[PDB]
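In what follows, a structure is listed as structure tokens, so that the remarks can point back to it.
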Amino acid sequence: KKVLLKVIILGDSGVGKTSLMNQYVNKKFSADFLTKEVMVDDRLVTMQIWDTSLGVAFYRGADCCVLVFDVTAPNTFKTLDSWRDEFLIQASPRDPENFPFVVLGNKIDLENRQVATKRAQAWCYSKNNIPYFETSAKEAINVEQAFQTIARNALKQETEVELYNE
Ligand SMILES: Nc1nc2c(ncn2[C@@H]2O[C@H](COP(=O)(O)OP(=O)(O)O)[C@@H](O)[C@H]2O)c(=O)[nH]1
Ligand SMILES: [Mg+2]
């Protein structure tokens with residue numbers, strides 16, 4: 001048996017979802033998915049990353065839901081609750097407050113940020129401690145770090161599903 005982890009990325013148009021996926025998988029910057037084999041501690045896993053109705057089953061199979069906003073656009077941060085709630089509604093996870101979400105505040109390379117780090121960290125903390133990363137898909141800042149945690153938390157979820165045949 002091999003270990004396949006499904007990860008989906010949500011967030012407003014233009015925040016950097018496609019760029020983050022490409023930077024992570026291909027280290028290049030410029031309904032579908034890319035795949036990458038990653039080691040989690042000493043366990044090899046294949047992450048299948050899906051870029052964004054798509055239908056309920058699309059969401060139901062996910063092991064981690066990544067939420068992305070643009071630190072220079074307060075409106076994309078404001079929609080995070082809607083993206084989180086919509087994923088919950090579509091995926092119907094059995095332990096909503098523990099399902100793995102990872103939030104990425106992207107484009108930190110643009111010095112005139114409009115959303116404060118503390119504000120975004122507080123939002124994440126208040127949803128049962130969702131992990132938070134500030135990234136730059138353009139300059140490859142914290143992208144490997146963010147996705148390593150996405151991989152580890154998706155593995156935890158996938159393990160839970162497999163061990164209790166959920
Ligand atoms: N400065 C900067 N621009 C970025 C970054 N990530 C993406 N972009 C740019 O912002 C636009 C939208 O990015 P795109 O990846 O297509 O995001 P999507 O619509 O969420 O999938 C494009 O012009 C990208 O080149 C980043 O980290 N920094
Ligand atoms: Mg896109």
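Numbering starts fresh at 1 for the residues of each chain in the structure tokens, the chains themselves are lettered A, B, ... in the order given, and ligands are numbered from 1 as they appear.
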
Return as a ChimeraX atom specification every polymer residue, whether protein, DNA or RNA, with at least one atom no more than 8 Å from an atom of ligand 2; count only C-alpha atoms and all ligand atoms.
/A:13-14,16-19,51-52

Residues just named, written with N, CA, C and O atoms as a CSV table (one decimal), in the first residue's frame:
chain,number,residue,atom,x,y,z
A,13,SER,N,-9.2,34.9,-6.1
A,13,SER,CA,-8.5,34.9,-7.3
A,13,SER,C,-7.4,36.0,-7.2
A,13,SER,O,-7.6,37.0,-6.6
A,14,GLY,N,-6.2,35.6,-7.6
A,14,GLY,CA,-5.0,36.5,-7.5
A,14,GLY,C,-4.2,36.6,-6.3
A,14,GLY,O,-3.3,37.4,-6.2
A,16,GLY,N,-2.3,34.1,-5.2
A,16,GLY,CA,-1.0,33.4,-5.5
A,16,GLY,C,-1.1,31.8,-5.3
A,16,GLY,O,-0.1,31.2,-5.2
A,17,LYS,N,-2.3,31.3,-5.4
A,17,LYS,CA,-2.5,29.8,-5.3
A,17,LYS,C,-1.6,29.1,-6.4
A,17,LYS,O,-0.8,28.2,-6.1
A,18,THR,N,-1.8,29.4,-7.6
A,18,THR,CA,-1.1,28.7,-8.7
A,18,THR,C,0.4,28.9,-8.6
A,18,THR,O,1.2,27.9,-8.7
A,19,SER,N,0.8,30.1,-8.2
A,19,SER,CA,2.2,30.4,-8.1
A,19,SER,C,2.9,29.6,-6.9
A,19,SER,O,4.0,29.1,-7.0
A,51,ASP,N,-5.4,22.5,-7.5
A,51,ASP,CA,-5.5,24.0,-7.7
A,51,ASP,C,-7.0,24.3,-8.1
A,51,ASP,O,-7.5,23.6,-9.0
A,52,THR,N,-7.6,25.3,-7.5
A,52,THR,CA,-9.0,25.7,-7.8
A,52,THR,C,-8.9,27.1,-8.5
A,52,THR,O,-8.1,27.9,-8.2

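Non-sequential neighbours of residue 3 (chain A) (distance at most 12 Å, separation of 3 or more positions within a chain, only C-alpha atoms) are residues 6, 36, 37, 38, 39, 40, 43, 44, 45, 46, 47, 48, 63, 151, 154, 155, 156, 157, 158, 159, 161 and 162 of chain A.
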
Residues from the last selection, N, CA and C atoms, saved as a tab-separated table (two decimals), in the first residue's frame:
chain	number	residue	atom	x	y	z
A	6	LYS	N	-4.19	13.92	-0.50
A	6	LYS	CA	-4.85	14.90	-1.35
A	6	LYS	C	-4.88	16.25	-0.64
A	36	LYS	N	3.99	15.53	-5.93
A	36	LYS	CA	5.35	15.60	-5.44
A	36	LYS	C	5.58	14.56	-4.35
A	37	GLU	N	6.67	13.80	-4.45
A	37	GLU	CA	7.00	12.80	-3.45
A	37	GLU	C	7.78	13.57	-2.40
A	38	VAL	N	7.38	13.39	-1.15
A	38	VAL	CA	7.98	14.08	-0.03
A	38	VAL	C	8.23	13.10	1.12
A	39	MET	N	9.25	13.38	1.92
A	39	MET	CA	9.55	12.55	3.09
A	39	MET	C	8.96	13.31	4.28
A	40	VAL	N	8.26	12.60	5.16
A	40	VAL	CA	7.74	13.17	6.38
A	40	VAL	C	8.43	12.37	7.45
A	43	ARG	N	9.06	8.75	6.57
A	43	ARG	CA	8.00	8.17	5.76
A	43	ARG	C	7.88	8.88	4.41
A	44	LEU	N	7.90	8.11	3.34
A	44	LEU	CA	7.76	8.67	2.00
A	44	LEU	C	6.26	8.74	1.65
A	45	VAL	N	5.83	9.87	1.12
A	45	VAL	CA	4.44	10.06	0.77
A	45	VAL	C	4.39	10.80	-0.56
A	46	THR	N	3.27	10.70	-1.26
A	46	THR	CA	3.09	11.43	-2.50
A	46	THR	C	1.99	12.46	-2.23
A	47	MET	N	2.30	13.74	-2.42
A	47	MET	CA	1.30	14.77	-2.20
A	47	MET	C	0.72	15.09	-3.57
A	48	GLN	N	-0.58	15.11	-3.64
A	48	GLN	CA	-1.31	15.40	-4.85
A	48	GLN	C	-1.96	16.72	-4.57
A	63	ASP	N	-7.17	15.70	2.38
A	63	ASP	CA	-6.44	15.44	3.64
A	63	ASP	C	-6.00	16.76	4.32
A	151	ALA	N	2.25	18.80	4.30
A	151	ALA	CA	2.44	17.36	4.13
A	151	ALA	C	2.29	16.56	5.45
A	154	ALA	N	-1.43	16.67	6.59
A	154	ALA	CA	-2.25	15.87	5.67
A	154	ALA	C	-2.00	14.36	6.00
A	155	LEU	N	-0.75	14.00	6.29
A	155	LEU	CA	-0.39	12.60	6.64
A	155	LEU	C	-1.11	12.20	7.93
A	156	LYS	N	-1.15	13.10	8.89
A	156	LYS	CA	-1.85	12.81	10.13
A	156	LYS	C	-3.31	12.55	9.84
A	157	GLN	N	-3.91	13.36	8.98
A	157	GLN	CA	-5.32	13.15	8.67
A	157	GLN	C	-5.56	11.85	7.91
A	158	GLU	N	-4.73	11.62	6.90
A	158	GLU	CA	-4.84	10.40	6.07
A	158	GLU	C	-4.67	9.13	6.96
A	159	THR	N	-3.76	9.23	7.91
A	159	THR	CA	-3.48	8.12	8.83
A	159	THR	C	-4.72	7.82	9.65
A	161	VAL	N	-7.80	8.48	8.88
A	161	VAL	CA	-8.79	7.87	8.00
A	161	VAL	C	-8.51	6.39	7.77
A	162	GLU	N	-7.26	6.05	7.49
A	162	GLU	CA	-6.86	4.68	7.22
A	162	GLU	C	-6.93	3.78	8.46

Could I get the residues of chain A with an atom no further than 10 Å from an atom of ligand 1, each paired with its nearest atom pair and that distance in Å to one decimal, using only C-alpha atoms and all ligand atoms, sorted by chain and residue number, as JSON lines?
{"residue": "A:9", "atom": "CA", "partner": "ligand 1", "partner_atom_place_in_ligand_line": "20 (O)", "distance": 8.9}
{"residue": "A:10", "atom": "CA", "partner": "ligand 1", "partner_atom_place_in_ligand_line": "20 (O)", "distance": 8.1}
{"residue": "A:11", "atom": "CA", "partner": "ligand 1", "partner_atom_place_in_ligand_line": "20 (O)", "distance": 6.5}
{"residue": "A:12", "atom": "CA", "partner": "ligand 1", "partner_atom_place_in_ligand_line": "20 (O)", "distance": 6.1}
{"residue": "A:13", "atom": "CA", "partner": "ligand 1", "partner_atom_place_in_ligand_line": "19 (O)", "distance": 3.9}
{"residue": "A:14", "atom": "CA", "partner": "ligand 1", "partner_atom_place_in_ligand_line": "19 (O)", "distance": 3.4}
{"residue": "A:15", "atom": "CA", "partner": "ligand 1", "partner_atom_place_in_ligand_line": "20 (O)", "distance": 4.2}
{"residue": "A:16", "atom": "CA", "partner": "ligand 1", "partner_atom_place_in_ligand_line": "17 (O)", "distance": 3.0}
{"residue": "A:17", "atom": "CA", "partner": "ligand 1", "partner_atom_place_in_ligand_line": "20 (O)", "distance": 3.8}
{"residue": "A:18", "atom": "CA", "partner": "ligand 1", "partner_atom_place_in_ligand_line": "15 (O)", "distance": 3.9}
{"residue": "A:19", "atom": "CA", "partner": "ligand 1", "partner_atom_place_in_ligand_line": "15 (O)", "distance": 3.7}
{"residue": "A:20", "atom": "CA", "partner": "ligand 1", "partner_atom_place_in_ligand_line": "6 (N)", "distance": 6.4}
{"residue": "A:21", "atom": "CA", "partner": "ligand 1", "partner_atom_place_in_ligand_line": "15 (O)", "distance": 8.1}
{"residue": "A:22", "atom": "CA", "partner": "ligand 1", "partner_atom_place_in_ligand_line": "15 (O)", "distance": 8.4}
{"residue": "A:23", "atom": "CA", "partner": "ligand 1", "partner_atom_place_in_ligand_line": "6 (N)", "distance": 9.0}
{"residue": "A:29", "atom": "CA", "partner": "ligand 1", "partner_atom_place_in_ligand_line": "25 (O)", "distance": 7.2}
{"residue": "A:30", "atom": "CA", "partner": "ligand 1", "partner_atom_place_in_ligand_line": "25 (O)", "distance": 5.7}
{"residue": "A:51", "atom": "CA", "partner": "ligand 1", "partner_atom_place_in_ligand_line": "21 (O)", "distance": 7.4}
{"residue": "A:52", "atom": "CA", "partner": "ligand 1", "partner_atom_place_in_ligand_line": "21 (O)", "distance": 7.4}
{"residue": "A:68", "atom": "CA", "partner": "ligand 1", "partner_atom_place_in_ligand_line": "20 (O)", "distance": 7.7}
{"residue": "A:69", "atom": "CA", "partner": "ligand 1", "partner_atom_place_in_ligand_line": "20 (O)", "distance": 8.3}
{"residue": "A:70", "atom": "CA", "partner": "ligand 1", "partner_atom_place_in_ligand_line": "5 (C)", "distance": 8.3}
{"residue": "A:71", "atom": "CA", "partner": "ligand 1", "partner_atom_place_in_ligand_line": "27 (O)", "distance": 9.6}
{"residue": "A:72", "atom": "CA", "partner": "ligand 1", "partner_atom_place_in_ligand_line": "1 (N)", "distance": 9.5}
{"residue": "A:105", "atom": "CA", "partner": "ligand 1", "partner_atom_place_in_ligand_line": "27 (O)", "distance": 9.1}
{"residue": "A:106", "atom": "CA", "partner": "ligand 1", "partner_atom_place_in_ligand_line": "27 (O)", "distance": 5.4}
{"residue": "A:107", "atom": "CA", "partner": "ligand 1", "partner_atom_place_in_ligand_line": "27 (O)", "distance": 3.6}
{"residue": "A:108", "atom": "CA", "partner": "ligand 1", "partner_atom_place_in_ligand_line": "27 (O)", "distance": 6.5}
{"residue": "A:109", "atom": "CA", "partner": "ligand 1", "partner_atom_place_in_ligand_line": "28 (N)", "distance": 5.7}
{"residue": "A:110", "atom": "CA", "partner": "ligand 1", "partner_atom_place_in_ligand_line": "1 (N)", "distance": 5.7}
{"residue": "A:111", "atom": "CA", "partner": "ligand 1", "partner_atom_place_in_ligand_line": "1 (N)", "distance": 9.5}
{"residue": "A:134", "atom": "CA", "partner": "ligand 1", "partner_atom_place_in_ligand_line": "27 (O)", "distance": 9.5}
{"residue": "A:135", "atom": "CA", "partner": "ligand 1", "partner_atom_place_in_ligand_line": "27 (O)", "distance": 6.3}
{"residue": "A:136", "atom": "CA", "partner": "ligand 1", "partner_atom_place_in_ligand_line": "27 (O)", "distance": 3.3}
{"residue": "A:137", "atom": "CA", "partner": "ligand 1", "partner_atom_place_in_ligand_line": "27 (O)", "distance": 3.6}
{"residue": "A:138", "atom": "CA", "partner": "ligand 1", "partner_atom_place_in_ligand_line": "27 (O)", "distance": 4.1}
{"residue": "A:139", "atom": "CA", "partner": "ligand 1", "partner_atom_place_in_ligand_line": "27 (O)", "distance": 6.4}
{"residue": "A:140", "atom": "CA", "partner": "ligand 1", "partner_atom_place_in_ligand_line": "27 (O)", "distance": 7.5}
{"residue": "A:141", "atom": "CA", "partner": "ligand 1", "partner_atom_place_in_ligand_line": "27 (O)", "distance": 8.0}
{"residue": "A:143", "atom": "CA", "partner": "ligand 1", "partner_atom_place_in_ligand_line": "27 (O)", "distance": 9.4}

Can you list, as a ChimeraX atom specification, all residues belonging to chain A that DSSP tags as strand (DSSP E)?
/A:4-10,32-40,43-51,64-70,101-106,132-135

Per-residue DSSP, region 84-165 of chain A, filtered to alpha helix (DSSP H), as a ChimeraX atom specification
/A:84-91,117-125,143-163

Write out the residues from the selection above, keeping N, CA and C atoms, as a compact mmCIF listing (two decimals), in the first residue's frame.
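Saved to result.txt:
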# COMPACT_ATOMS: atom_id res chain seq x y z
N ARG A 84 -13.25 28.83 4.60
CA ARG A 84 -13.21 27.74 5.58
C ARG A 84 -14.59 27.07 5.76
N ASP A 85 -15.62 27.89 5.92
CA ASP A 85 -16.99 27.39 6.15
C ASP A 85 -17.51 26.61 4.95
N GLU A 86 -17.23 27.11 3.75
CA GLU A 86 -17.63 26.44 2.52
C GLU A 86 -16.94 25.08 2.42
N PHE A 87 -15.66 25.01 2.74
CA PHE A 87 -14.98 23.72 2.70
C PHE A 87 -15.63 22.78 3.71
N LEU A 88 -15.92 23.27 4.91
CA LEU A 88 -16.55 22.39 5.91
C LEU A 88 -17.88 21.82 5.42
N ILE A 89 -18.66 22.67 4.76
CA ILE A 89 -19.99 22.33 4.27
C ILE A 89 -19.87 21.27 3.17
N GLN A 90 -18.91 21.48 2.28
CA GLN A 90 -18.74 20.56 1.16
C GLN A 90 -18.11 19.24 1.53
N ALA A 91 -17.07 19.29 2.36
CA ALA A 91 -16.34 18.09 2.80
C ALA A 91 -16.98 17.35 3.99
N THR A 117 0.71 40.76 10.64
CA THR A 117 0.98 39.35 10.97
C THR A 117 0.17 38.93 12.21
N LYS A 118 0.18 39.75 13.25
CA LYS A 118 -0.52 39.43 14.48
C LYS A 118 -2.02 39.19 14.28
N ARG A 119 -2.63 39.94 13.37
CA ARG A 119 -4.06 39.85 13.08
C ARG A 119 -4.36 38.53 12.40
N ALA A 120 -3.52 38.16 11.44
CA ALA A 120 -3.72 36.90 10.76
C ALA A 120 -3.44 35.74 11.76
N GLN A 121 -2.39 35.86 12.58
CA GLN A 121 -2.10 34.78 13.54
C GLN A 121 -3.26 34.59 14.54
N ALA A 122 -3.88 35.70 14.92
CA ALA A 122 -5.01 35.65 15.86
C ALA A 122 -6.21 34.95 15.24
N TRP A 123 -6.49 35.24 13.98
CA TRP A 123 -7.60 34.59 13.29
C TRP A 123 -7.36 33.08 13.30
N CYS A 124 -6.12 32.66 12.98
CA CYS A 124 -5.80 31.23 12.94
C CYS A 124 -5.87 30.62 14.31
N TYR A 125 -5.34 31.33 15.30
CA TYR A 125 -5.34 30.80 16.63
C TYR A 125 -6.79 30.56 17.12
N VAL A 143 8.19 28.84 1.35
CA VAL A 143 7.33 27.92 0.60
C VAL A 143 7.63 26.46 0.94
N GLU A 144 8.91 26.07 1.00
CA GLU A 144 9.18 24.68 1.37
C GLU A 144 8.76 24.44 2.78
N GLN A 145 8.98 25.42 3.65
CA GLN A 145 8.62 25.24 5.05
C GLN A 145 7.11 24.99 5.23
N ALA A 146 6.33 25.81 4.54
CA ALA A 146 4.87 25.75 4.61
C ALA A 146 4.35 24.43 4.10
N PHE A 147 4.84 24.02 2.93
CA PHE A 147 4.38 22.76 2.39
C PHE A 147 4.83 21.52 3.16
N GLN A 148 5.94 21.60 3.92
CA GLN A 148 6.42 20.47 4.74
C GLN A 148 5.40 20.24 5.84
N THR A 149 4.86 21.34 6.39
CA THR A 149 3.85 21.21 7.43
C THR A 149 2.53 20.75 6.82
N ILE A 150 2.22 21.26 5.62
CA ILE A 150 1.00 20.79 4.94
C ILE A 150 1.10 19.28 4.77
N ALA A 151 2.25 18.80 4.30
CA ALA A 151 2.44 17.36 4.13
C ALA A 151 2.29 16.56 5.45
N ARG A 152 2.93 17.02 6.52
CA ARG A 152 2.85 16.33 7.79
C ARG A 152 1.42 16.29 8.35
N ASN A 153 0.68 17.40 8.23
CA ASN A 153 -0.68 17.45 8.78
C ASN A 153 -1.67 16.69 7.90
N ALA A 154 -1.43 16.67 6.59
CA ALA A 154 -2.25 15.87 5.67
C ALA A 154 -2.00 14.36 6.00
N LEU A 155 -0.75 14.00 6.29
CA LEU A 155 -0.39 12.60 6.64
C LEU A 155 -1.11 12.20 7.93
N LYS A 156 -1.15 13.10 8.89
CA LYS A 156 -1.85 12.81 10.13
C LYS A 156 -3.31 12.55 9.84
N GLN A 157 -3.91 13.36 8.98
CA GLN A 157 -5.32 13.15 8.67
C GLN A 157 -5.56 11.85 7.91
N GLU A 158 -4.73 11.62 6.90
CA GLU A 158 -4.84 10.40 6.07
C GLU A 158 -4.67 9.13 6.96
N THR A 159 -3.76 9.23 7.91
CA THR A 159 -3.48 8.12 8.83
C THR A 159 -4.72 7.82 9.65
N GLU A 160 -5.32 8.88 10.19
CA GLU A 160 -6.56 8.80 10.96
C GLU A 160 -7.64 8.07 10.14
N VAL A 161 -7.80 8.48 8.88
CA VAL A 161 -8.79 7.87 8.00
C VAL A 161 -8.51 6.39 7.77
N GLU A 162 -7.26 6.05 7.49
CA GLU A 162 -6.86 4.68 7.22
C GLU A 162 -6.93 3.78 8.46
N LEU A 163 -6.50 4.28 9.62
CA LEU A 163 -6.51 3.50 10.86
C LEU A 163 -7.90 3.19 11.44

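If you measure from each of A:26, A:76, A:98, A:92 to residue 130 (chain A) using only C-alpha atoms, the closest one turns out to be A:98.
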